[PDB]
>>> print(open('upload_26.txt').read())   # compact mmCIF, C-alpha atoms
# COMPACT_ATOMS: atom_id res chain seq x y z
CA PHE A 89 -88.94 26.23 -122.38
CA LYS A 90 -86.76 24.34 -120.12
CA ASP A 91 -84.32 21.51 -119.18
CA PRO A 92 -83.95 19.87 -115.78
CA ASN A 93 -81.96 22.67 -114.20
CA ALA A 94 -81.26 24.27 -117.47
CA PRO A 95 -82.33 27.17 -119.54
CA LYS A 96 -85.66 28.82 -119.76
CA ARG A 97 -86.62 30.67 -122.83
CA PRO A 98 -86.75 33.96 -121.15
CA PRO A 99 -90.00 35.82 -120.51
CA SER A 100 -90.52 39.39 -121.61
CA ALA A 101 -93.21 41.04 -123.69
CA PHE A 102 -92.02 43.03 -126.67
CA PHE A 103 -95.47 43.51 -128.16
CA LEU A 104 -96.09 46.49 -125.89
CA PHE A 105 -93.97 49.10 -127.61
CA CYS A 106 -96.16 52.02 -126.58
CA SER A 107 -95.80 52.29 -122.86
CA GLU A 108 -97.38 55.65 -121.99
CA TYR A 109 -99.21 56.62 -125.17
CA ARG A 110 -101.23 53.41 -125.51
CA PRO A 111 -102.20 52.06 -122.24
CA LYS A 112 -105.27 53.95 -121.17
CA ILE A 113 -107.66 51.14 -120.28
CA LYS A 114 -107.29 52.23 -116.70
CA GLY A 115 -108.91 55.36 -115.32
CA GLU A 116 -111.39 57.59 -117.06
CA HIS A 117 -110.97 55.59 -120.21
CA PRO A 118 -112.57 52.24 -121.15
CA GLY A 119 -111.19 52.51 -124.71
CA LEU A 120 -107.77 52.55 -126.36
CA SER A 121 -106.86 50.14 -129.07
CA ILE A 122 -104.85 46.94 -129.08
CA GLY A 123 -103.11 48.30 -132.13
CA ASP A 124 -101.98 51.38 -130.21
CA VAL A 125 -99.21 49.44 -128.45
CA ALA A 126 -97.23 47.72 -131.20
CA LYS A 127 -97.01 49.86 -134.36
CA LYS A 128 -96.29 53.29 -132.83
CA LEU A 129 -92.76 52.80 -131.47
CA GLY A 130 -91.55 56.39 -131.00
CA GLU A 131 -93.37 57.33 -127.87
CA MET A 132 -91.47 58.50 -124.82
CA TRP A 133 -88.97 60.91 -126.36
CA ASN A 134 -91.91 62.64 -128.09
CA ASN A 135 -92.81 64.13 -124.73
CA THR A 136 -89.76 66.40 -124.33
CA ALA A 137 -88.61 69.87 -125.39
CA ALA A 138 -86.85 70.77 -128.62
CA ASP A 139 -83.52 69.12 -127.79
CA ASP A 140 -83.33 65.40 -128.66
CA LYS A 141 -86.93 64.25 -128.90
CA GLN A 142 -86.60 61.42 -131.44
CA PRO A 143 -85.85 57.81 -130.53
CA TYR A 144 -87.20 54.62 -129.01
CA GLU A 145 -86.09 51.30 -130.41
CA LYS A 146 -85.27 48.09 -128.54
CA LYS A 147 -87.49 45.43 -126.99
CA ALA A 148 -87.48 41.91 -125.57
CA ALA A 149 -89.63 38.94 -126.53
CA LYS A 150 -90.26 35.64 -124.77
CA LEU A 151 -90.68 32.60 -126.87
CA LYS A 152 -87.15 31.31 -127.24
CA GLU A 153 -86.11 34.63 -126.96
CA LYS A 154 -83.49 36.17 -124.84
CA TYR A 155 -80.29 34.32 -125.90
CA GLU A 156 -78.13 37.24 -124.74
CA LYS A 157 -79.21 38.06 -121.16
CA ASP A 158 -81.19 35.54 -119.16
CA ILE A 159 -81.51 32.33 -120.97
CA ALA A 160 -78.69 31.82 -118.56
CA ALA A 161 -81.34 32.57 -115.91
CA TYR A 162 -82.10 28.95 -115.95
CA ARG A 163 -79.03 27.74 -117.80
CA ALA B 23 -73.43 60.12 -136.14
CA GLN B 24 -69.72 60.60 -136.71
CA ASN B 25 -69.04 63.93 -134.96
CA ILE B 26 -72.12 64.46 -132.76
CA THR B 27 -73.65 62.95 -129.64
CA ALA B 28 -76.48 61.68 -131.86
CA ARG B 29 -78.05 59.29 -134.21
CA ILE B 30 -77.82 55.95 -135.35
CA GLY B 31 -76.55 53.04 -137.32
CA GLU B 32 -75.00 52.96 -140.87
CA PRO B 33 -71.85 51.10 -141.92
CA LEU B 34 -68.47 52.37 -143.22
CA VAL B 35 -64.73 52.35 -143.43
CA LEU B 36 -63.62 55.48 -145.20
CA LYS B 37 -63.55 56.52 -148.72
CA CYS B 38 -63.77 53.18 -150.43
CA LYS B 39 -66.79 51.66 -152.05
CA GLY B 40 -69.44 50.35 -149.66
CA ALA B 41 -69.41 52.82 -146.79
CA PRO B 42 -72.55 54.35 -145.21
CA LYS B 43 -72.28 56.92 -142.57
CA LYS B 44 -73.50 56.79 -139.02
CA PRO B 45 -71.65 54.65 -136.44
CA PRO B 46 -71.46 51.83 -135.38
CA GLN B 47 -70.84 48.84 -137.28
CA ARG B 48 -71.15 44.97 -137.24
CA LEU B 49 -69.40 42.82 -140.00
CA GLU B 50 -66.41 43.10 -142.38
CA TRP B 51 -65.85 46.59 -143.79
CA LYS B 52 -62.86 47.11 -141.77
CA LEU B 53 -61.17 48.83 -138.98
CA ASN B 54 -60.53 51.88 -136.74
CA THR B 55 -63.42 54.29 -136.36
CA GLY B 56 -66.02 53.13 -133.93
CA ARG B 57 -67.37 51.18 -131.05
CA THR B 58 -68.50 47.61 -131.79
CA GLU B 59 -66.32 44.66 -132.76
CA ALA B 60 -66.98 44.36 -136.48
CA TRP B 61 -67.24 46.78 -139.30
CA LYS B 62 -70.44 46.76 -141.43
CA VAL B 63 -74.32 46.49 -141.35
CA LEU B 64 -75.26 46.93 -137.74
CA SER B 65 -78.18 46.34 -135.46
CA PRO B 66 -78.71 45.25 -131.94
CA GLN B 67 -82.09 46.79 -132.91
CA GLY B 68 -84.16 44.29 -130.93
CA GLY B 69 -87.45 42.72 -131.92
CA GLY B 70 -88.62 39.68 -133.79
CA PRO B 71 -86.88 36.29 -133.76
CA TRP B 72 -83.60 37.76 -132.56
CA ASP B 73 -85.20 40.12 -130.01
CA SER B 74 -82.46 38.71 -127.86
CA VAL B 75 -79.98 40.68 -129.86
CA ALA B 76 -81.39 42.46 -132.81
CA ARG B 77 -83.40 42.99 -135.90
CA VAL B 78 -80.90 42.97 -138.77
CA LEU B 79 -82.33 44.45 -142.00
CA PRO B 80 -81.84 44.43 -145.78
CA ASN B 81 -83.95 47.54 -146.46
CA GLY B 82 -81.64 49.51 -144.19
CA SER B 83 -83.25 50.47 -140.87
CA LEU B 84 -80.82 48.98 -138.37
CA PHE B 85 -79.74 50.66 -135.23
CA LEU B 86 -77.01 51.62 -132.77
CA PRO B 87 -75.93 55.27 -132.05
CA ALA B 88 -72.37 56.42 -131.96
CA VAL B 89 -68.58 56.57 -132.32
CA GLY B 90 -65.36 55.07 -131.00
CA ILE B 91 -62.11 53.27 -131.73
CA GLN B 92 -62.18 50.24 -133.99
CA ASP B 93 -64.87 50.19 -136.65
CA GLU B 94 -64.99 52.43 -139.75
CA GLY B 95 -61.57 53.89 -140.23
CA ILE B 96 -58.14 53.18 -141.55
CA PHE B 97 -58.37 50.43 -144.11
CA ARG B 98 -57.01 49.14 -147.35
CA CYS B 99 -60.64 48.78 -148.24
CA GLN B 100 -60.87 45.18 -149.39
CA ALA B 101 -63.36 44.21 -146.70
CA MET B 102 -66.07 42.99 -148.88
CA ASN B 103 -68.47 45.48 -150.25
CA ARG B 104 -66.32 45.58 -153.26
CA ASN B 105 -63.73 48.26 -153.22
CA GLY B 106 -61.01 49.05 -152.64
CA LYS B 107 -58.47 51.45 -151.42
CA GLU B 108 -56.24 52.52 -148.59
CA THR B 109 -58.51 54.91 -146.77
CA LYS B 110 -58.54 56.35 -143.33
CA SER B 111 -60.57 57.75 -140.49
CA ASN B 112 -60.61 57.87 -136.68
CA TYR B 113 -63.19 59.69 -134.58
CA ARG B 114 -64.24 60.01 -130.90
CA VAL B 115 -66.69 62.78 -129.93
CA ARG B 116 -67.42 64.86 -126.81
CA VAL B 117 -70.72 66.52 -125.93
CA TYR B 118 -72.22 69.58 -127.60
CA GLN B 119 -75.88 70.56 -128.20
CA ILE B 120 -78.14 73.64 -127.93
CA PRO B 121 -76.27 76.10 -125.65
CA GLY B 122 -77.20 78.49 -122.84
CA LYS B 123 -76.47 80.08 -119.37
CA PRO B 124 -73.28 81.36 -117.66
CA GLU B 125 -70.93 79.38 -115.42
CA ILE B 126 -69.16 81.03 -112.47
CA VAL B 127 -66.31 79.83 -110.21
CA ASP B 128 -62.73 81.15 -109.56
CA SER B 129 -62.72 84.82 -108.49
CA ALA B 130 -60.26 86.64 -106.19
CA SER B 131 -58.46 89.79 -107.15
CA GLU B 132 -55.85 91.83 -105.27
CA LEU B 133 -52.42 91.03 -103.91
CA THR B 134 -49.95 93.03 -106.01
CA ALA B 135 -46.43 91.45 -106.24
CA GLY B 136 -43.50 89.85 -104.45
CA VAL B 137 -44.54 86.82 -102.36
CA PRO B 138 -46.35 83.51 -103.05
CA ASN B 139 -49.28 84.25 -105.26
CA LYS B 140 -52.63 83.03 -104.09
CA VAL B 141 -55.65 82.93 -106.41
CA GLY B 142 -55.60 83.61 -110.13
CA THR B 143 -58.60 82.78 -111.92
CA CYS B 144 -58.77 82.74 -115.68
CA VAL B 145 -60.85 80.24 -117.46
CA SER B 146 -61.44 77.63 -120.12
CA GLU B 147 -61.81 73.95 -120.76
CA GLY B 148 -61.07 71.58 -123.58
CA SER B 149 -57.77 69.86 -124.44
CA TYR B 150 -56.03 66.57 -123.62
CA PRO B 151 -55.29 67.83 -120.80
CA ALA B 152 -56.14 71.47 -120.02
CA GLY B 153 -53.05 73.62 -119.45
CA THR B 154 -50.63 75.92 -117.65
CA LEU B 155 -50.32 79.20 -115.70
CA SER B 156 -48.06 82.09 -114.81
CA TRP B 157 -47.40 84.54 -111.98
CA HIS B 158 -48.97 87.88 -112.22
CA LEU B 159 -51.06 90.01 -110.32
CA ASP B 160 -53.05 92.54 -112.26
CA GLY B 161 -51.96 95.30 -114.32
CA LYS B 162 -49.33 97.26 -116.11
CA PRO B 163 -45.78 95.81 -116.49
CA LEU B 164 -44.06 94.03 -113.63
CA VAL B 165 -40.77 94.73 -111.89
CA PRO B 166 -37.90 92.26 -112.47
CA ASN B 167 -36.26 89.81 -110.06
CA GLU B 168 -37.65 90.54 -106.57
CA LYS B 169 -38.61 87.98 -103.88
CA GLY B 170 -40.58 85.63 -106.09
CA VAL B 171 -44.03 85.95 -107.63
CA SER B 172 -45.61 82.56 -107.74
CA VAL B 173 -48.04 79.87 -108.77
CA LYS B 174 -51.74 79.97 -109.65
CA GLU B 175 -52.58 76.73 -107.93
CA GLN B 176 -54.58 77.85 -104.92
CA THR B 177 -57.15 79.40 -107.25
CA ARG B 178 -60.62 77.92 -107.24
CA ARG B 179 -60.11 75.08 -109.68
CA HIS B 180 -62.65 73.22 -111.78
CA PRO B 181 -61.31 71.58 -114.96
CA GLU B 182 -64.30 70.65 -117.12
CA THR B 183 -67.01 73.18 -116.42
CA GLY B 184 -64.88 75.55 -118.50
CA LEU B 185 -63.87 77.81 -115.73
CA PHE B 186 -60.17 77.52 -114.99
CA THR B 187 -57.21 77.19 -117.36
CA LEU B 188 -54.02 78.95 -118.35
CA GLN B 189 -52.83 82.51 -117.87
CA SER B 190 -49.42 82.82 -119.50
CA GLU B 191 -47.48 86.03 -119.09
CA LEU B 192 -44.05 86.07 -117.70
CA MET B 193 -43.15 87.53 -114.40
CA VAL B 194 -40.38 84.95 -114.28
CA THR B 195 -38.51 88.10 -113.14
CA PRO B 196 -40.54 89.03 -109.99
CA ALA B 197 -41.50 92.35 -108.50
CA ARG B 198 -41.46 94.80 -105.61
CA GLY B 199 -42.46 98.04 -107.30
CA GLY B 200 -45.74 99.40 -105.96
CA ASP B 201 -49.29 99.73 -107.31
CA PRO B 202 -51.38 96.77 -108.49
CA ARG B 203 -49.69 96.71 -111.83
CA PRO B 204 -47.53 93.72 -112.40
CA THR B 205 -48.36 91.08 -115.04
CA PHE B 206 -51.87 90.41 -116.41
CA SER B 207 -53.18 88.42 -119.39
CA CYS B 208 -55.55 85.46 -119.10
CA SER B 209 -58.57 85.83 -121.29
CA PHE B 210 -59.97 82.65 -122.90
CA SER B 211 -62.96 80.50 -123.94
CA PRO B 212 -66.24 79.62 -122.09
CA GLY B 213 -67.58 76.30 -120.90
CA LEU B 214 -70.24 74.16 -122.45
CA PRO B 215 -72.88 74.01 -125.21
CA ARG B 216 -75.83 73.69 -122.87
CA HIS B 217 -74.54 76.43 -120.53
CA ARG B 218 -71.26 78.28 -121.14
CA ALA B 219 -68.80 80.13 -118.90
CA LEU B 220 -67.09 83.53 -118.51
CA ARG B 221 -63.70 84.97 -117.45
CA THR B 222 -61.80 86.25 -114.38
CA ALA B 223 -58.46 87.57 -112.91
CA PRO B 224 -54.64 87.23 -112.52
CA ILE B 225 -52.66 85.71 -109.71
CA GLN B 226 -51.78 87.47 -106.56
CA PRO B 227 -48.84 88.12 -104.21
CA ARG B 228 -49.22 90.95 -101.68
CA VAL B 229 -47.34 94.26 -101.41
CA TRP B 230 -47.50 96.10 -98.16
CA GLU B 231 -46.88 98.95 -95.77
CA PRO B 232 -45.34 97.90 -92.44
CA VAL B 233 -44.17 101.53 -92.48
>>> encode(input="upload_26.txt", output="structure tokens")
Amino acid sequence: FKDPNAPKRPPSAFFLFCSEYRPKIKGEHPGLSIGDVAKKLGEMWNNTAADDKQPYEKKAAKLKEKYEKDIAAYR
Amino acid sequence: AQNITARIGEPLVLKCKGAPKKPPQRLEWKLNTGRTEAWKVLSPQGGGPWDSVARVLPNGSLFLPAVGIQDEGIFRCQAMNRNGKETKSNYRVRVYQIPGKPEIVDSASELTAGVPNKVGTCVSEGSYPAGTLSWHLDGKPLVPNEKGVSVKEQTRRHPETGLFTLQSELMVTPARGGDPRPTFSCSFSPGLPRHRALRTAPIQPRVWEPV
């Protein structure tokens, strides 16, 4: 992803949109789906009261990806 | 959107052809209402092959929230959608949502007339900037031209909770008459649309008996 002291192609997963609705492979729960993390991107604000409970949008991939923050983090 | 602390992402300059609503903005559909640099179809949406910056879209789900200075306003609207005209806007919002609860500061009541006034407490917020005062304390009409009734500005200030502004009635002619009845009128607006305010008193120089 690289060059001799010179940019990475910065690592971040964007696949995991659902951060607190999906992830329950942890405690009581051997099963929640691999699809439950990527196609349900409205999660966190749908835990609040009746004020502003709508959005969740942005993410961050890896592969070439982050040309705006931290491709400088090896450039 | 355009006058709200809320949602997100559709591209204008005013009433010429090619102008969807909610700020901001990202290409040429020109200038002077809004926050980003450029003036049309907008997303730093994020995801996909430009997850660095964005996901730009042709179906029209492309995202950034709100208002400002330089994006969808005053233009001779040849900034290619097609058309066409000299049209205008400018908008910058402040916060308002579902309201509530009372707000309390600034209360002290009785020193009748004559000397430096001390604490005079009547309320509001909301201007660019807030306002003024006068010289009062509390009641029926004042007495003219005696020893100086004075400023509000030792009252318990707070500008933007909505709980101190102007009280404008003129004892420019000050008083030594008697009872707590020189000047009084202050009464104005509450504070904030999540929890609002309420109102308080005139401004106070003491009368006495060193009899």
>>> residues_near_point(input="upload_26.txt", point="(-84.9, 44.2, -131.4)", cutoff="10 Å", atoms="all atoms listed in the file", output="list in words")
residues 102, 145, 146, 147, 148 and 149 of chain A; 65, 66, 67, 68, 69, 70, 71, 72, 73, 74, 75, 76, 77, 78, 84 and 85 of chain B
>>> residues_around(input="upload_26.txt", residues="residue 161 (chain B)", least_positions_apart="5", cutoff="10 Å", atoms="only C-alpha atoms", output="PyMOL selection string")
chain B and resi 134+201-207+224
>>> interface_residues(input="upload_26.txt", of="chain A", to="chain B", cutoff="12 Å", atoms="all atoms listed in the file", output="PyMOL selection string")
chain A and resi 97-105+126+129+137-159
>>> closest_residue(input="upload_26.txt", among="A:112, A:118, A:89, A:107", to="residue 131 (chain A)", atoms="all atoms listed in the file")
A:107
>>> residues_around(input="upload_26.txt", residues="residue 226 (chain B)", least_positions_apart="2", cutoff="12 Å", atoms="only C-alpha atoms", output="ChimeraX atom specification")
/B:129-143,156-161,170-177,193,196-197,202-206,223-224,228-229
>>> atom_distance(input="upload_26.txt", atom1="CA of residue 113 (chain B)", atom2="CA of residue 213 (chain B)")
22.0 Å
>>> closest_residue(input="upload_26.txt", among="A:132, A:122, A:96, A:160", to="residue 108 (chain A)", atoms="only C-alpha atoms")
A:132
>>> residues_around(input="upload_26.txt", residues="residue 145 (chain B)", least_positions_apart="6", cutoff="8 Å", atoms="all atoms listed in the file", output="list in words")
residues 184, 185, 186, 187, 188, 208, 209, 210, 211, 212, 220, 221 and 222 of chain B
>>> atom_distance(input="upload_26.txt", atom1="CA of residue 190 (chain B)", atom2="CA of residue 217 (chain B)")
25.9 Å
>>> atom_distance(input="upload_26.txt", atom1="CA of residue 41 (chain B)", atom2="CA of residue 23 (chain B)")
13.5 Å
>>> closest_residue(input="upload_26.txt", among="B:79, B:98, B:26, B:89", to="residue 38 (chain B)", atoms="all atoms listed in the file")
B:98
>>> residues_around(input="upload_26.txt", residues="region 48-62 of chain B", least_positions_apart="6", cutoff="10 Å", atoms="only C-alpha atoms", output="PyMOL selection string")
chain B and resi 24+31-36+38-42+86-105+110-114
>>> write_last_selection(input="upload_26.txt", atoms="C-alpha atoms", output="PDB file, keeping the file's coordinate frame")
ATOM      1  CA  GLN B  24     -69.720  60.600-136.710  1.00  0.00           C
ATOM      2  CA  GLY B  31     -76.550  53.040-137.320  1.00  0.00           C
ATOM      3  CA  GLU B  32     -75.000  52.960-140.870  1.00  0.00           C
ATOM      4  CA  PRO B  33     -71.850  51.100-141.920  1.00  0.00           C
ATOM      5  CA  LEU B  34     -68.470  52.370-143.220  1.00  0.00           C
ATOM      6  CA  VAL B  35     -64.730  52.350-143.430  1.00  0.00           C
ATOM      7  CA  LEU B  36     -63.620  55.480-145.200  1.00  0.00           C
ATOM      8  CA  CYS B  38     -63.770  53.180-150.430  1.00  0.00           C
ATOM      9  CA  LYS B  39     -66.790  51.660-152.050  1.00  0.00           C
ATOM     10  CA  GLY B  40     -69.440  50.350-149.660  1.00  0.00           C
ATOM     11  CA  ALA B  41     -69.410  52.820-146.790  1.00  0.00           C
ATOM     12  CA  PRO B  42     -72.550  54.350-145.210  1.00  0.00           C
ATOM     13  CA  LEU B  86     -77.010  51.620-132.770  1.00  0.00           C
ATOM     14  CA  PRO B  87     -75.930  55.270-132.050  1.00  0.00           C
ATOM     15  CA  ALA B  88     -72.370  56.420-131.960  1.00  0.00           C
ATOM     16  CA  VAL B  89     -68.580  56.570-132.320  1.00  0.00           C
ATOM     17  CA  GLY B  90     -65.360  55.070-131.000  1.00  0.00           C
ATOM     18  CA  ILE B  91     -62.110  53.270-131.730  1.00  0.00           C
ATOM     19  CA  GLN B  92     -62.180  50.240-133.990  1.00  0.00           C
ATOM     20  CA  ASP B  93     -64.870  50.190-136.650  1.00  0.00           C
ATOM     21  CA  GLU B  94     -64.990  52.430-139.750  1.00  0.00           C
ATOM     22  CA  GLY B  95     -61.570  53.890-140.230  1.00  0.00           C
ATOM     23  CA  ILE B  96     -58.140  53.180-141.550  1.00  0.00           C
ATOM     24  CA  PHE B  97     -58.370  50.430-144.110  1.00  0.00           C
ATOM     25  CA  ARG B  98     -57.010  49.140-147.350  1.00  0.00           C
ATOM     26  CA  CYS B  99     -60.640  48.780-148.240  1.00  0.00           C
ATOM     27  CA  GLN B 100     -60.870  45.180-149.390  1.00  0.00           C
ATOM     28  CA  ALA B 101     -63.360  44.210-146.700  1.00  0.00           C
ATOM     29  CA  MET B 102     -66.070  42.990-148.880  1.00  0.00           C
ATOM     30  CA  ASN B 103     -68.470  45.480-150.250  1.00  0.00           C
ATOM     31  CA  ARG B 104     -66.320  45.580-153.260  1.00  0.00           C
ATOM     32  CA  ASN B 105     -63.730  48.260-153.220  1.00  0.00           C
ATOM     33  CA  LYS B 110     -58.540  56.350-143.330  1.00  0.00           C
ATOM     34  CA  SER B 111     -60.570  57.750-140.490  1.00  0.00           C
ATOM     35  CA  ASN B 112     -60.610  57.870-136.680  1.00  0.00           C
ATOM     36  CA  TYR B 113     -63.190  59.690-134.580  1.00  0.00           C
ATOM     37  CA  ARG B 114     -64.240  60.010-130.900  1.00  0.00           C
TER      38      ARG B 114
END
>>> decode(input="upload_26.txt", residues="region 106-129 of chain A", atoms="N, CA, C and O atoms", output="PDB file, in the first residue's frame")
ATOM      1  N   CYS A 106     -23.190  -1.271  11.311  1.00  0.00           N
ATOM      2  CA  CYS A 106     -24.005  -1.435  12.502  1.00  0.00           C
ATOM      3  C   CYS A 106     -23.160  -1.820  13.693  1.00  0.00           C
ATOM      4  O   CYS A 106     -22.698  -2.956  13.802  1.00  0.00           O
ATOM      5  N   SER A 107     -23.019  -0.879  14.616  1.00  0.00           N
ATOM      6  CA  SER A 107     -21.956  -0.928  15.605  1.00  0.00           C
ATOM      7  C   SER A 107     -22.449  -1.420  16.955  1.00  0.00           C
ATOM      8  O   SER A 107     -21.653  -1.863  17.788  1.00  0.00           O
ATOM      9  N   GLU A 108     -23.755  -1.330  17.186  1.00  0.00           N
ATOM     10  CA  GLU A 108     -24.347  -1.708  18.464  1.00  0.00           C
ATOM     11  C   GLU A 108     -25.643  -2.487  18.285  1.00  0.00           C
ATOM     12  O   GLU A 108     -26.170  -3.058  19.245  1.00  0.00           O
ATOM     13  N   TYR A 109     -26.159  -2.519  17.063  1.00  0.00           N
ATOM     14  CA  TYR A 109     -27.298  -3.359  16.734  1.00  0.00           C
ATOM     15  C   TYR A 109     -26.843  -4.733  16.274  1.00  0.00           C
ATOM     16  O   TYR A 109     -27.401  -5.750  16.695  1.00  0.00           O
ATOM     17  N   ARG A 110     -25.785  -4.769  15.462  1.00  0.00           N
ATOM     18  CA  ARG A 110     -25.304  -6.038  14.927  1.00  0.00           C
ATOM     19  C   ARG A 110     -24.649  -6.949  15.957  1.00  0.00           C
ATOM     20  O   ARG A 110     -24.935  -8.156  15.958  1.00  0.00           O
ATOM     21  N   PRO A 111     -23.723  -6.479  16.789  1.00  0.00           N
ATOM     22  CA  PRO A 111     -22.459  -7.211  16.931  1.00  0.00           C
ATOM     23  C   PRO A 111     -22.498  -8.454  17.792  1.00  0.00           C
ATOM     24  O   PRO A 111     -21.445  -9.006  18.132  1.00  0.00           O
ATOM     25  N   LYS A 112     -23.682  -8.905  18.168  1.00  0.00           N
ATOM     26  CA  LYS A 112     -23.814  -9.762  19.337  1.00  0.00           C
ATOM     27  C   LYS A 112     -23.426 -11.200  19.003  1.00  0.00           C
ATOM     28  O   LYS A 112     -24.254 -12.097  18.868  1.00  0.00           O
ATOM     29  N   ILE A 113     -22.108 -11.373  18.827  1.00  0.00           N
ATOM     30  CA  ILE A 113     -21.464 -12.684  18.796  1.00  0.00           C
ATOM     31  C   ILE A 113     -20.679 -12.897  20.072  1.00  0.00           C
ATOM     32  O   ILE A 113     -19.751 -13.710  20.124  1.00  0.00           O
ATOM     33  N   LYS A 114     -21.039 -12.193  21.125  1.00  0.00           N
ATOM     34  CA  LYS A 114     -20.144 -12.002  22.245  1.00  0.00           C
ATOM     35  C   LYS A 114     -20.560 -12.736  23.514  1.00  0.00           C
ATOM     36  O   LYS A 114     -19.799 -13.569  24.015  1.00  0.00           O
ATOM     37  N   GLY A 115     -21.749 -12.475  24.043  1.00  0.00           N
ATOM     38  CA  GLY A 115     -22.053 -12.859  25.400  1.00  0.00           C
ATOM     39  C   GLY A 115     -22.980 -14.040  25.467  1.00  0.00           C
ATOM     40  O   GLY A 115     -22.552 -15.190  25.395  1.00  0.00           O
ATOM     41  N   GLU A 116     -24.269 -13.760  25.587  1.00  0.00           N
ATOM     42  CA  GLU A 116     -25.258 -14.824  25.656  1.00  0.00           C
ATOM     43  C   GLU A 116     -25.486 -15.473  24.295  1.00  0.00           C
ATOM     44  O   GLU A 116     -26.148 -16.509  24.198  1.00  0.00           O
ATOM     45  N   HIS A 117     -24.923 -14.892  23.239  1.00  0.00           N
ATOM     46  CA  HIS A 117     -25.477 -14.930  21.900  1.00  0.00           C
ATOM     47  C   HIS A 117     -24.460 -15.466  20.896  1.00  0.00           C
ATOM     48  O   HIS A 117     -23.612 -14.703  20.418  1.00  0.00           O
ATOM     49  N   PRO A 118     -24.487 -16.760  20.567  1.00  0.00           N
ATOM     50  CA  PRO A 118     -23.659 -17.249  19.461  1.00  0.00           C
ATOM     51  C   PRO A 118     -24.075 -16.757  18.081  1.00  0.00           C
ATOM     52  O   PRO A 118     -23.251 -16.806  17.163  1.00  0.00           O
ATOM     53  N   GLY A 119     -25.307 -16.291  17.885  1.00  0.00           N
ATOM     54  CA  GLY A 119     -25.757 -15.928  16.549  1.00  0.00           C
ATOM     55  C   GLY A 119     -26.311 -14.534  16.299  1.00  0.00           C
ATOM     56  O   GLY A 119     -27.345 -14.175  16.866  1.00  0.00           O
ATOM     57  N   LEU A 120     -25.625 -13.745  15.469  1.00  0.00           N
ATOM     58  CA  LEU A 120     -26.203 -12.625  14.729  1.00  0.00           C
ATOM     59  C   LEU A 120     -25.511 -12.542  13.384  1.00  0.00           C
ATOM     60  O   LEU A 120     -24.358 -12.953  13.264  1.00  0.00           O
ATOM     61  N   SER A 121     -26.200 -12.019  12.376  1.00  0.00           N
ATOM     62  CA  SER A 121     -25.763 -12.338  11.028  1.00  0.00           C
ATOM     63  C   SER A 121     -24.683 -11.385  10.537  1.00  0.00           C
ATOM     64  O   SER A 121     -24.540 -10.249  11.000  1.00  0.00           O
ATOM     65  N   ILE A 122     -23.942 -11.873   9.540  1.00  0.00           N
ATOM     66  CA  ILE A 122     -22.914 -11.088   8.879  1.00  0.00           C
ATOM     67  C   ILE A 122     -23.553 -10.000   8.039  1.00  0.00           C
ATOM     68  O   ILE A 122     -22.959  -8.939   7.817  1.00  0.00           O
ATOM     69  N   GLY A 123     -24.782 -10.214   7.606  1.00  0.00           N
ATOM     70  CA  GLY A 123     -25.504  -9.163   6.950  1.00  0.00           C
ATOM     71  C   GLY A 123     -25.993  -8.071   7.862  1.00  0.00           C
ATOM     72  O   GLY A 123     -26.308  -6.980   7.381  1.00  0.00           O
ATOM     73  N   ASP A 124     -26.019  -8.306   9.182  1.00  0.00           N
ATOM     74  CA  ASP A 124     -26.615  -7.333  10.091  1.00  0.00           C
ATOM     75  C   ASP A 124     -25.726  -6.126  10.324  1.00  0.00           C
ATOM     76  O   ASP A 124     -26.095  -5.270  11.126  1.00  0.00           O
ATOM     77  N   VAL A 125     -24.554  -6.059   9.689  1.00  0.00           N
ATOM     78  CA  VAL A 125     -23.582  -5.016   9.982  1.00  0.00           C
ATOM     79  C   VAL A 125     -23.405  -4.026   8.843  1.00  0.00           C
ATOM     80  O   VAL A 125     -22.778  -2.978   9.048  1.00  0.00           O
ATOM     81  N   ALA A 126     -23.911  -4.318   7.650  1.00  0.00           N
ATOM     82  CA  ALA A 126     -23.530  -3.540   6.479  1.00  0.00           C
ATOM     83  C   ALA A 126     -24.701  -2.847   5.805  1.00  0.00           C
ATOM     84  O   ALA A 126     -24.517  -1.785   5.200  1.00  0.00           O
ATOM     85  N   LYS A 127     -25.902  -3.418   5.876  1.00  0.00           N
ATOM     86  CA  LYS A 127     -27.053  -2.921   5.133  1.00  0.00           C
ATOM     87  C   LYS A 127     -28.124  -2.316   6.030  1.00  0.00           C
ATOM     88  O   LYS A 127     -29.282  -2.203   5.618  1.00  0.00           O
ATOM     89  N   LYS A 128     -27.772  -1.935   7.253  1.00  0.00           N
ATOM     90  CA  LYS A 128     -28.735  -1.424   8.223  1.00  0.00           C
ATOM     91  C   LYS A 128     -28.198  -0.157   8.883  1.00  0.00           C
ATOM     92  O   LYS A 128     -28.173  -0.027  10.106  1.00  0.00           O
ATOM     93  N   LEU A 129     -27.772   0.806   8.059  1.00  0.00           N
ATOM     94  CA  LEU A 129     -26.961   1.942   8.509  1.00  0.00           C
ATOM     95  C   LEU A 129     -27.800   3.129   9.017  1.00  0.00           C
ATOM     96  O   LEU A 129     -27.758   4.242   8.501  1.00  0.00           O
TER      97      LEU A 129
END
